[PDB]
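Student: Before anything else, here's the structure in question.
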Number of protein chains: 4
Amino acid sequence: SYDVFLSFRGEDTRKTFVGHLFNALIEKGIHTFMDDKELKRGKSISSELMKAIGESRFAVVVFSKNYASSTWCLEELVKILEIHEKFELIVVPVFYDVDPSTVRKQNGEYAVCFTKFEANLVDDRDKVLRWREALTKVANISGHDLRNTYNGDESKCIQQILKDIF
Amino acid sequence: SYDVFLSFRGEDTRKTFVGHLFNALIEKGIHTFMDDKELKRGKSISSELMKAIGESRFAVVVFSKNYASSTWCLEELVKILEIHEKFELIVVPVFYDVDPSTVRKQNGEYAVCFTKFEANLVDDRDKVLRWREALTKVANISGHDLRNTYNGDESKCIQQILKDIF
Amino acid sequence: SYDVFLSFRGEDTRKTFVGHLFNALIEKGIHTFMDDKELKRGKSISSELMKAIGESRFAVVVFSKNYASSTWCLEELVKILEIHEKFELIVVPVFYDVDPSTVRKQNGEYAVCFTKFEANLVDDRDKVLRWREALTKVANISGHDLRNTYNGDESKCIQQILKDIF
Amino acid sequence: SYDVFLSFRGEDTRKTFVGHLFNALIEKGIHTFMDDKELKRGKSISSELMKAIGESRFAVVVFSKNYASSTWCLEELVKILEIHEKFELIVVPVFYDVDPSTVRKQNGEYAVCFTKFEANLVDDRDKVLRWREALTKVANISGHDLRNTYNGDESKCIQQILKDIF
């Protein structure tokens with residue numbers, strides 16, 4: 001069924017950028033499963049999300065301001081990275097509206113959220129440290145950085161992604 | 001005697017929206033002459049633009065918040081309006097993040113930009129008056145809008161326009 | 001003999017950029033005549049410069065901080081533009097390390113020089129006004145803007161120039 | 001078992017110098033693996049870089065003023081030095097706007113950058129000491145310089161290096 005399941009929080013890019021990527025991939029003929037509900041229930045992953053992650057040939061993750069600001073987003077990133085470790089999922093980082101250098105050091109607005117996420121909720125979980133290590137490891141794999149590689153394009157990055165996919 | 005044309009403001013559309021619209025139009029099979037690729041080095045700019053506008057059929061101008069700022073864009077709008085007055089060139093409006101009522105009264109950001117040019121070219125050239133009248137008429141002219149019609153997906157609006165051309 | 005004679009003041013770009021252009025054009029096989037002497041005698045043009053300008057199939061002008069700061073540079077630009085008007089010289093503006101918008105309005109550091117050039121020397125010549133009008137007319141012809149079209153490349157612009165030439 | 005390699009600092013060489021050198025090397029017929037095109041999306045970055053360095057023959061690193069700033073670049077220099085210590089990889093220095101004496105003593109801008117990292121990784125990791133020693137040895141190693149050898153044309157230096165490779 002679904003070939004590559006792009007994963008990004010439906011907060012900012014859900015209107016223009018991620019919408020454009022979904023439309024282009026769907027039109028081009030490659031089957032893909034996306035964010036099922038804008039009102040998605042549960043910060044965890046149900047059967048549908050787990051099955052999509054397991055049965056995805058590859059995955060796409062777009063890092064933005066909110067891309068980790070939700071605990072659901074961090075958990076999904078953790079599951080995806082563990083899939084890449086244990087399964088054959090291809091992970092292609094996409095850096096849109098975010099500085100790759102700051103994300104590498106786990107610094108920026110995400111650092112402010114992590115400090116806010118450094119309360120007793122994660123002190124009873126330590127999942128913030130796991131998420132930060134996972135993000136750092138994921139940043140070790142090169143991807144596409146629209147704000148840097150082209151710095152002024154949006155359709156060119158989509159063309160590159162389509163060239164990689166098909 | 002060409003197929004279509006495009007018009008946008010480079011400050012806010014040359015990066016994300018206008019490029020996606022151009023890609024959609026090119027893929028759909030209708031030739032488009034944007035002011036980014038339809039320009040040979042040797043030939044002039046104003047002359048080439050006037051010729052391209054004269055030989056094109058359908059024009060779609062996306063009026064942005066700072067649309068009045070670009071004097072060249074205002075002149076292009078005036079020329080397009082004059083061509084539509086003399087000949088019968090296809091007219092189509094595009095308006096994102098700028099409600100038609102705001103532009104029709106030349107108010108808001110348009111009002112501020114005109115006030116900056118209130119003593120510049122309204123009376124010294126009488127072309128600012130013609131541009132204001134043409135903008136008012138084009139605003140009165142019905143087109144495609146997205147502030148409230150779609151309001152949820154820019155790519156949905158692009159596909160709607162592409163399907164609605166013919 | 002010489003096919004296209006690139007014209008730029010040997011002040012800043014004579015080390016890296018214009019040197020790269022001269023080396024690439026010479027290597028590619030297109031015959032070209034360049035700035036003969038770094039200690040060029042006379043702010044006017046001798047027989048060699050006039051003959052090169054007349055017998056050039058095309059010309060290349062790179063606009064930078066000093067590209068008009070010398071009276072010799074302005075005179076050469078005037079002669080080149082008059083050649084383009086009366087002869088078949090192809091003029092391709094090149095915008096390197098300069099904002100095209102400011103140059104269009106004849107504003108910027110060049111404006112400071114023009115105000116400094118607005119003394120009795122030009123008051124007895126009025127050649128500053130002629131040079132400003134000539135620059136404005138030349139800016140009406142589109143060319144290549146490395147800081148904008150690519151914004152991060154130097155070899156790509158050279159490749160585009162070579163594609164245009166041969 | 002490859003032909004050559006390239007090394008540069010993205011802050012000051014990725015735009016003008018390193019690109020011209022890469023174009024010259026590619027045109028000359030010797031394959032080059034820069035850290036801008038020799039990278040597949042799926043595979044890692046550190047692993048791919050280590051493999052490429054191991055399989056390449058000739059490495060040319062242009063030490064810039066802020067060369068010490070890039071920790072990844074320093075690690076790459078350390079790995080290249082270690083490979084040259086164990087194997088016999090071709091070593092070639094490149095130094096522009098940074099006199100060899102300044103880098104040899106790790107002084108000037110190198111001194112300031114190391115002082116910023118004086119309490120960071122000199123004693124906490126003992127790899128800053130190894131990097132300083134390797135930089136000192138490489139500075140003692142003769143290479144190609146342009147501050148006083150050529151001092152008049154960067155492209156002349158690039159052509160000199162390309163001719164001097166073999």
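Labels for the structure tokens follow display order: chains A, B, ..., residues from 1 in each chain, ligands from 1.
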Pair the Cα atoms of chain B and chain A in order, fit the first onto the second, and let me know the RMSD in Å.
Tutor: 2.8 Å
Student: Using only C-alpha atoms, I'd like every residue of chain A that has an atom within 8 Å of chain D; please write them out as a ChimeraX atom specification.
Tutor: /A:90-92,140-143
Student: Keeping only C-alpha atoms, take the residues you just selected and write them out as a PDB file, in the first residue's frame.
Tutor:
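The result, written out as again33.pdb:
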ATOM      1  CA  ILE A  90      15.194   5.328   4.389  1.00  0.00           C
ATOM      2  CA  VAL A  91      15.279   8.560   6.407  1.00  0.00           C
ATOM      3  CA  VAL A  92      15.797  11.813   4.507  1.00  0.00           C
ATOM      4  CA  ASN A 140      24.182  12.850  11.231  1.00  0.00           C
ATOM      5  CA  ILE A 141      22.407  11.750   8.020  1.00  0.00           C
ATOM      6  CA  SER A 142      22.439  14.321   5.229  1.00  0.00           C
ATOM      7  CA  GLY A 143      19.229  15.385   3.545  1.00  0.00           C
TER       8      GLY A 143
END
Student: Have a look at CA of residue 106 in chain C and CA of residue 5 in chain C and let me know their distance in Å, one decimal.
Tutor: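 Taking CA of residue 106 in chain C and CA of residue 5 in chain C, their separation equals 24.6 Å.
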Student: What is the distance between CA of residue 30 in chain D and CA of residue 13 in chain D, in Å to one decimal?
Tutor: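 We find that CA of residue 30 in chain D and CA of residue 13 in chain D lie 20.4 Å from each other.
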Student: Name all residues at most 12 Å from residue 102 in chain B (count only C-alpha atoms; drop same-chain ones fewer than 2 positions away) and give them as a list in words.
Tutor: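 The residues satisfying every condition are residues 63, 64, 65, 95, 96, 97, 98, 99, 100, 104, 105, 106, 107, 108, 109, 110, 111, 112, 135, 136, 139, 140 and 147 of chain B.
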Student: Find the residues around residue 18 in chain D up to 10 Å (only C-alpha atoms counted), leave out those fewer than 3 positions away in its own chain, and share them as a compact mmCIF listing (two decimals) with C-alpha atoms, in the first residue's frame.
Tutor:
# COMPACT_ATOMS: atom_id res chain seq x y z
CA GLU C 154 30.51 32.19 -8.83
CA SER C 155 31.23 29.32 -11.22
CA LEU D 6 39.13 18.54 -1.58
CA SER D 7 38.78 20.28 1.77
CA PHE D 8 37.57 23.79 2.53
CA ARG D 9 35.72 25.89 5.11
CA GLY D 10 32.17 26.67 4.04
CA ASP D 12 34.64 31.72 3.09
CA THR D 13 35.49 29.20 0.35
CA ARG D 14 32.21 27.46 -0.57
CA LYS D 15 31.15 30.44 -2.70
CA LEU D 21 39.08 24.91 -7.89
CA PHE D 22 36.53 22.09 -8.20
CA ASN D 23 35.54 23.24 -11.69
CA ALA D 24 39.20 23.38 -12.73
CA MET D 34 33.95 17.49 -2.61
CA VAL D 61 42.85 21.75 2.37
CA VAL D 62 42.71 25.55 2.14
CA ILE D 158 44.48 27.66 -9.07
Student: Just list the residues in range 26-153 of chain C DSSP gives strand (DSSP E) on the backbone, as a PyMOL selection string.
Tutor: chain C and resi 58-63+90-95+144-145
Student: For N, CA, C and O atoms, I'd like the residues from the last selection saved as a tab-separated table (two decimals), in the first residue's frame.
Tutor:
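Contents of again39.tsv, as written:
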chain	number	residue	atom	x	y	z
C	58	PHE	N	30.47	41.54	-29.14
C	58	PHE	CA	29.67	41.82	-27.96
C	58	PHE	C	30.57	42.44	-26.89
C	58	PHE	O	31.76	42.67	-27.12
C	59	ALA	N	30.00	42.70	-25.72
C	59	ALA	CA	30.76	43.27	-24.63
C	59	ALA	C	30.17	42.80	-23.30
C	59	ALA	O	28.99	42.45	-23.22
C	60	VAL	N	31.01	42.81	-22.27
C	60	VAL	CA	30.62	42.43	-20.92
C	60	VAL	C	31.03	43.54	-19.97
C	60	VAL	O	32.19	43.98	-19.99
C	61	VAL	N	30.10	43.99	-19.14
C	61	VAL	CA	30.34	45.03	-18.15
C	61	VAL	C	29.91	44.51	-16.79
C	61	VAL	O	28.76	44.07	-16.63
C	62	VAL	N	30.81	44.56	-15.82
C	62	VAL	CA	30.53	44.13	-14.45
C	62	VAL	C	30.44	45.37	-13.58
C	62	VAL	O	31.41	46.14	-13.50
C	63	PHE	N	29.30	45.58	-12.94
C	63	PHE	CA	29.05	46.76	-12.13
C	63	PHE	C	29.41	46.46	-10.68
C	63	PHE	O	28.85	45.53	-10.08
C	90	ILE	N	26.39	43.68	-28.51
C	90	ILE	CA	25.51	43.08	-27.52
C	90	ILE	C	26.03	43.44	-26.14
C	90	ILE	O	27.19	43.18	-25.82
C	91	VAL	N	25.18	44.06	-25.33
C	91	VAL	CA	25.53	44.51	-23.99
C	91	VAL	C	24.82	43.62	-22.98
C	91	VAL	O	23.58	43.53	-22.99
C	92	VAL	N	25.59	42.95	-22.13
C	92	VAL	CA	25.02	42.09	-21.10
C	92	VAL	C	25.44	42.62	-19.74
C	92	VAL	O	26.60	42.43	-19.33
C	93	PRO	N	24.56	43.31	-19.01
C	93	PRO	CA	24.93	43.79	-17.68
C	93	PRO	C	25.22	42.63	-16.74
C	93	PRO	O	24.54	41.60	-16.76
C	94	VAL	N	26.24	42.81	-15.90
C	94	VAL	CA	26.62	41.83	-14.89
C	94	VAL	C	26.65	42.54	-13.55
C	94	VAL	O	27.42	43.49	-13.37
C	95	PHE	N	25.82	42.09	-12.62
C	95	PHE	CA	25.68	42.73	-11.31
C	95	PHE	C	26.40	41.88	-10.28
C	95	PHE	O	25.85	40.90	-9.77
C	144	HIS	N	22.82	39.36	-15.97
C	144	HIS	CA	23.03	38.32	-14.97
C	144	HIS	C	23.37	38.97	-13.64
C	144	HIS	O	24.24	39.85	-13.58
C	145	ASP	N	22.69	38.54	-12.58
C	145	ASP	CA	22.88	39.06	-11.22
C	145	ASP	C	23.25	37.89	-10.31
C	145	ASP	O	22.37	37.17	-9.83
Student: Would you compute the distance between CA of residue 156 in chain D and CA of residue 19 in chain C? Give it in Å to one decimal.
Tutor: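 The value is 8.6 Å.
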